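A.B. asks: Pasting a structure below so you can have a look.
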Amino acid sequence: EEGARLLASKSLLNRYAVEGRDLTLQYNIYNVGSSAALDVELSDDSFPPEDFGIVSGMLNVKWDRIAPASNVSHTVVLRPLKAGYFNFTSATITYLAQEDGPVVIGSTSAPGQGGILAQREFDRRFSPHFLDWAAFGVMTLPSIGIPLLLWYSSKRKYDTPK
Amino acid sequence: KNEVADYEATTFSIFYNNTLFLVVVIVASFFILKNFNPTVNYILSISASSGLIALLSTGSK
Amino acid sequence: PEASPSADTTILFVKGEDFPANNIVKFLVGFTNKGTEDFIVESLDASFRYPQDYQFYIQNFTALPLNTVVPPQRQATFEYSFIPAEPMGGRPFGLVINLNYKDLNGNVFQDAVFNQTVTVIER
Amino acid sequence: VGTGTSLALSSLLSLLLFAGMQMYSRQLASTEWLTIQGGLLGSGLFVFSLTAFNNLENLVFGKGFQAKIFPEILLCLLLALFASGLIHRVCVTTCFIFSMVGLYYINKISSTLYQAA
Amino acid sequence: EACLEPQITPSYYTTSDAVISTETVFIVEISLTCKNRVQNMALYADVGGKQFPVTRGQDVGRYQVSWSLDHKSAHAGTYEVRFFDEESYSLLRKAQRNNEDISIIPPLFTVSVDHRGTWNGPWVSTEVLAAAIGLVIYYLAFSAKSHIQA
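Protein chains in written order, with PDB author numbering: chain 6, 18 to 179; chain 7, 125 to 185; chain 5, 77 to 199; chain N, 3 to 119; chain 8, 24 to 173.
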């Protein structure tokens, strides 16, 4: 078959879905066919508004034409409002393989099940992930900064030039 | 004279000893032990830095 | 189990056919239902196999449970990821991906979507 | 300063220079000017190493031990040259040249301080 | 139909939390109203010389474009987005493939996205540098000791 072919993917760009924080969802479509996939539409109805808050992005979108050997990236930001097991299912995408061709209905990859934590836990696994060395300085301030600065005030007092 | 010597020695000594111990683990663990399991790295680094630092204490005397 | 004639499969690596050591590599496996019956994709596995002995198992990557229904004429793509071990860098391995799916009639199918010798380069 | 503290200080300065040179070896060799900068660092390593070696000799064998051209001076120069080769071959000429220039003045300094006293 | 005199109200979401997010994602949403009352038109965006098609929404006039770069390349600053219609985008592709001045093609409209820096902490968290500060402090401390012992 030389018609168009679309390999879609739905994945999370967050290690942990934190309650009340932004969660990123990236929908990447790849056109591996020889011809362009005309009239592509992506729909995602698997996120009820009663568990997630759409900070940005639209779940349902369209595309006039996806050139062969080209990929189109769409991203939507939500907000997990409830900690717990939230099943991320497969979104539906419809595209034309050929001009005046039949609609090929497909399903994107499904990440499946994940775990939403609570704010305090988020702090205790990775808050200073790249702040780690700076935090280390703050922890070591009593061990190094305070004694050094305090002594310097003493030395300045008695170390008078003669 | 006793007070000042007792104090300035305490504050500065703690600073220097803390400096050596924290610096040693950083260099040893992240450069010397770059090719070892974290578990062996922790045991060797902590034991080595503290032990060597204690030996340097008597060598100064 | 041999692949059904009515099922087609297209693999595509997200970032190319480079397999850097100690790095995450992600690929997308396509599925076509050209048959008049519903195919149920069970799981997609990955593994490193000896070059001289494709039967020998070196590393078995966990089996992803997909459990997705593919209606007729509809295409289902499934993603999978792993990380090649550091010591495997600079050596070749036989990477065998197998896609499992069963019709409603209980017929088993295991398509060798990709069966080739790939090389993992040290980064 | 005290001889025991002096030996440690010279060793620390030499050790720090050597570690830095290896860490930035690729950058230093990239350009001719950077390689010349390596020459200054190598000579400094030689000067500190020589000071440490004499200090150690004094403590073990008693104060006032005299450093000879061989093997005390030669060994310190050799160690500095070996580090120079690792970054690049080119420094071995420049790295060596700076060490020699420092050595002549250092001997002049030592003669005034010790022989006069 | 090319959108004559486009009117937009751009809004953009930009990542701020690097702790959770693996990669920076820039999102731009524009509610475009055409003077000619056009609807469901092909729109394509060009950012830093990279072409990304613009995704439409089921709602008429709602167009969006997003793209993602790492946290080591998401340097803080302003990023400009240039939009084109189907006709202009056809000329954009030709110009690039012919290595002509891309700026000659006047974009239908432009949108500024501000990125105020994903939070990685202050830039001291480098393993080599951690040793550099440790050793630099240590050398001064040790010299201070030799200053006292003498």
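For every residue, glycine included, the Cβ atom is placed at its ideal position computed from N, Cα and C.
Leaving out five residues on either side along the sequence, give the residues of the same chain with a beta carbon under 8 Å from the beta carbon of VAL94 (chain N).
C.D. replies: Indexing the fourth sequence from 1 puts residue 94 (chain N) at position 92. So the list reads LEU83, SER86 and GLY87, once near-sequence residues are dropped.
A.B. asks: Where does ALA83 (chain 5) fall in DSSP's three states?
C.D. replies: In the third sequence, the residue the question calls residue 83 (chain 5) occupies position 7. Note: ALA83 (chain 5) maps to strand in three-state DSSP.
A.B. asks: Mark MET75 (chain 6) as exposed unless 16 or more other C-beta atoms lie within 10 angstroms of its C-beta, in which case mark it buried.
C.D. replies: Your numbering for residue 75 (chain 6) matches position 58 in the first sequence. By the 10 Å Cβ count, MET75 (chain 6) comes out buried.
A.B. asks: How is the alpha helix (DSSP H) around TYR26 (chain N) delimited, first residue to last?
C.D. replies: Here residue 26 (chain N) is taken as the residue at index 24 of the fourth sequence, counted from 1. Neither: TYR26 (chain N) is in no alpha helix (DSSP H) and is coded neither H nor E.
A.B. asks: Could you compute how far the alpha carbon of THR112 (chain 5) sits from the alpha carbon of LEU23 (chain 6)?
C.D. replies: For the purposes of this step, residue 112 (chain 5) is taken as residue 36 along the third sequence, with counting starting at 1. For the purposes of this step, residue 23 (chain 6) is taken as residue 6 along the first sequence, with counting starting at 1. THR112 (chain 5) and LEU23 (chain 6): Cα-Cα distance of roughly 21 Å.
A.B. asks: Pull up the DSSP beta-bridge partners for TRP142 (chain 8), would you.
C.D. replies: For this step, residue 142 (chain 8) is matched to residue 119 along the fifth sequence. Paired residues: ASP40 (chain 8).
A.B. asks: Kindly indicate which three-state DSSP category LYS79 (chain 6) falls into: helix, strand or coil?
C.D. replies: Taking the first residue of the first sequence as position 1, residue 79 (chain 6) is located at position 62. Strand.
A.B. asks: Give every residue of the same chain whose Cβ lies closer than 8 Å to the Cβ of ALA118 (chain 8), excluding the five residues on either side of it in the sequence, and list them in chain order.
C.D. replies: Here residue 118 (chain 8) refers to the residue found at position 95 when the fifth sequence is read from its first residue. Contacts found: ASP124, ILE125, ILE127 and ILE128.
A.B. asks: Can you confirm whether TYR131 (chain 7), when its beta carbon is compared against all beta carbons of chain 8, has any partner nearer than 8 Å?
C.D. replies: Numbered from 1 along the second sequence, position 7 holds the residue referred to as residue 131 (chain 7). Not closer than 8 Å to any Cβ of chain 8, the Cβ of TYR131 (chain 7) fails to qualify, so no.
A.B. asks: Note down the Cα distance separating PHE154 (chain 7) from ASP149 (chain 6), rounded to an integer number of angstroms.
C.D. replies: Along the second sequence, read from residue 1 onward, the residue named residue 154 (chain 7) stands at position 30. Along the first sequence, read from residue 1 onward, the residue named residue 149 (chain 6) stands at position 132. Their Cα atoms are separated by approximately 14 Å.
A.B. asks: For the beta strand (DSSP E) holding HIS91 (chain 6), just list the boundary residues, first then last.
C.D. replies: On the first sequence, residue 91 (chain 6) is found 74 positions in, with the first residue counted as 1. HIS91 (chain 6) -> beta strand (DSSP E) spans 88 to 95.
A.B. asks: Does the beta carbon of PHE160 (chain 7) come closer than 8 Å to any beta carbon on chain 8?
C.D. replies: By one-based count along the second sequence, residue 160 (chain 7) stands at place 36. No, no contact with chain 8.
A.B. asks: Would you give the residue range spanned by the beta strand (DSSP E) that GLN74 (chain 8) belongs to?
C.D. replies: Residue mapping note: residue 74 (chain 8) aligns to position 51 of the fifth sequence, counting from 1. Here the beta strand (DSSP E) through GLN74 (chain 8) covers 73 to 76.
A.B. asks: Under 8 Å, do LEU92 (chain 8) and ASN59 (chain 8) count as touching if we go by C-beta distance?
C.D. replies: The sequence position of residue 92 (chain 8) within the fifth sequence is 69, counting from 1. The sequence position of residue 59 (chain 8) within the fifth sequence is 36, counting from 1. Cβ atoms of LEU92 (chain 8) and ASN59 (chain 8): not closer than 8 Å.
A.B. asks: Can you give the Cα-Cα distance for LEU176 (chain 7) and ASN143 (chain 8), rounded to whole angstroms?
C.D. replies: Here residue 176 (chain 7) refers to the residue found at position 52 of the second sequence. Here residue 143 (chain 8) refers to the residue found at position 120 of the fifth sequence. Distance between the alpha carbons of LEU176 (chain 7) and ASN143 (chain 8): 35 Å.
A.B. asks: Can you list, in chain order, the residues of its chain whose CB lies under 7 Å from that of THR85 (chain 5), leaving out five sequence neighbours each side?
C.D. replies: As a first step, residue 85 (chain 5) is located in the third sequence; it is residue number 9 there, counting from the start. The answer, listed in chain order, is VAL105, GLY106, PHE107, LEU175, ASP187 and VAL189.
A.B. asks: Going by DSSP, what residue range makes up the alpha helix (DSSP H) through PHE100 (chain N)?
C.D. replies: Working through the fourth sequence from its first residue, we reach residue 100 (chain N) at position 98. First-last of the alpha helix (DSSP H) with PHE100 (chain N): 93 to 112.
A.B. asks: Measure from the alpha carbon of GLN74 (chain 8) to the alpha carbon of each residue in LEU114 (chain 8), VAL151 (chain 8) and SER169 (chain 8), then state which is nearest.
C.D. replies: Within the fifth sequence, numbered from 1, the residue matching residue 74 (chain 8) stands at position 51. Of the candidates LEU114 (chain 8), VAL151 (chain 8) and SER169 (chain 8), the one whose C-alpha sits nearest the C-alpha of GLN74 (chain 8) is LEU114 (chain 8).
A.B. asks: Taking Cβ-Cβ distances shorter than 7 Å, what residues in chain 6 pair up with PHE154 (chain 5)?
C.D. replies: As a position in the third sequence, residue 154 (chain 5) is number 78, starting the count at 1. Neighbours of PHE154 (chain 5) on chain 6, chain order: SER126.
A.B. asks: State the DSSP-derived secondary structure class of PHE69 (chain 6), mapped to helix, strand or coil.
C.D. replies: Counting from 1 along the first sequence, the entry for residue 69 (chain 6) is found at position 52. Residue state, collapsed to three classes: strand.
A.B. asks: Only counting the same chain, and skipping five residues up and downstream in sequence, which positions put a Cβ closer than 6 Å to that of residue 23 (chain 5)?
C.D. replies: Residue 23 (chain 5) is absent from the structure shown; chain 5 starts at 77 and stops at 199.
A.B. asks: For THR86 (chain 5), go through chain 6 and note every residue whose CB falls closer than 7 Å to its CB, in chain order.
C.D. replies: Residue numbering aside, residue 86 (chain 5) sits at position 10 when the third sequence is read from its first letter. By Cβ distance, chain 6 contributes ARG22, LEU24 and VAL49.
A.B. asks: At which residues does the alpha helix (DSSP H) containing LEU142 (chain 5) begin and terminate?
C.D. replies: Numbered from its first residue, the third sequence carries residue 142 (chain 5) at position 66. Segment 133 to 146 is the beta strand (DSSP E) holding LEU142 (chain 5); no alpha helix (DSSP H) there.
A.B. asks: Among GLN117 (chain N), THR7 (chain N) and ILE108 (chain N), which one has its Cα closest to the Cα of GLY183 (chain 7)?
C.D. replies: For the purposes of this step, residue 183 (chain 7) is taken as residue 59 along the second sequence, with counting starting at 1. Closest option to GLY183 (chain 7), Cα to Cα, is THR7 (chain N).
A.B. asks: How many angstroms separate the CA atom of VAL151 (chain 7) from the CA atom of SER51 (chain N)?
C.D. replies: Along the second sequence, one-based indexing puts residue 151 (chain 7) at 27. Along the fourth sequence, one-based indexing puts residue 51 (chain N) at 49. One C-alpha to the other measures close to 21 Å.
A.B. asks: Does the CB of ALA173 (chain 8) have a neighbour CB from chain N at under 8 Å?
C.D. replies: As a first step, residue 173 (chain 8) is located in the fifth sequence; it is residue number 150 there, counting from the start. For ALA173 (chain 8), the answer is yes, since a Cβ of chain N falls inside 8 Å of its Cβ.
A.B. asks: With residue 59 (chain 5) and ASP114 (chain 5) assumed to form a contact (beta carbons below 8 Å), what rounded beta-carbon distance in angstroms separates them?
C.D. replies: Past the boundaries of the shown model lies residue 59 (chain 5); chain 5 is included only from 77 to 199, so the question cannot be answered.
A.B. asks: Would you check if the distance between the CB atom of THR114 (chain N) and the CB atom of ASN57 (chain N) is smaller than 8 Å?
C.D. replies: For this step, residue 114 (chain N) is matched to residue 112 along the fourth sequence. For this step, residue 57 (chain N) is matched to residue 55 along the fourth sequence. No.
A.B. asks: Whole angstroms are fine: how far does the CA of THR92 (chain 6) sit from the CA of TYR156 (chain 5)?
C.D. replies: As a working mapping, residue 156 (chain 5) is identified with position 80 in the third sequence. As a working mapping, residue 92 (chain 6) is identified with position 75 in the first sequence. Each residue's Cα considered, the two are about 20 Å apart.
A.B. asks: Decide if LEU15 (chain N) is buried, meaning its Cβ has at least 16 other Cβ atoms within 10 Å, or exposed.
C.D. replies: In the fourth sequence, counting from the first residue as 1, residue 15 (chain N) sits at position 13. Buried is the call here.
A.B. asks: Starting from the N-terminal side, write out each stretch of the beta strand (DSSP E) that is 3 residues or longer and does not extend beyond the stretch 95 to 159 of chain 8.
C.D. replies: Segments of the beta strand (DSSP E) lying fully in the stretch 95 to 159 of chain 8: 100 to 107 and 132 to 138.
A.B. asks: Does the distance from the CB of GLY41 (chain N) to the CB of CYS97 (chain N) come in under 8 Å?
C.D. replies: The sequence position of residue 41 (chain N) within the fourth sequence is 39, counting from 1. The sequence position of residue 97 (chain N) within the fourth sequence is 95, counting from 1. Contact flag set, yes.
A.B. asks: Along chain 8, in chain order, which residues have C-beta atoms closer than 9 Å to that of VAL3 (chain N)?
C.D. replies: Position 1 of the fourth sequence holds residue 3 (chain N). Going along chain 8 in sequence order, the residues near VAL3 (chain N) (Cβ under 9 Å) are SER169, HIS170, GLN172 and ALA173.
A.B. asks: Comparing C-alpha positions only, which one of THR41 (chain 6), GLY37 (chain 6) and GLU36 (chain 6) sits nearest to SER44 (chain 8)?
C.D. replies: Taking the first residue of the fifth sequence as position 1, residue 44 (chain 8) is located at position 21. If we check each option's Cα against that of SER44 (chain 8), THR41 (chain 6) comes out closest.
A.B. asks: Can a CB atom of chain N be found closer than 8 Å to the CB of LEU158 (chain 8)?
C.D. replies: Translated into positions along the fifth sequence, residue 158 (chain 8) becomes position 135. With 8 Å as the cut-off, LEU158 (chain 8) counts as an interface residue toward chain N.
A.B. asks: Going by DSSP in three states, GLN149 (chain 5) sits in which element: helix, strand or coil?
C.D. replies: Locating residue 149 (chain 5) in the third sequence gives position 73, where the first residue counts as 1. Correct three-state label for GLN149 (chain 5): coil.
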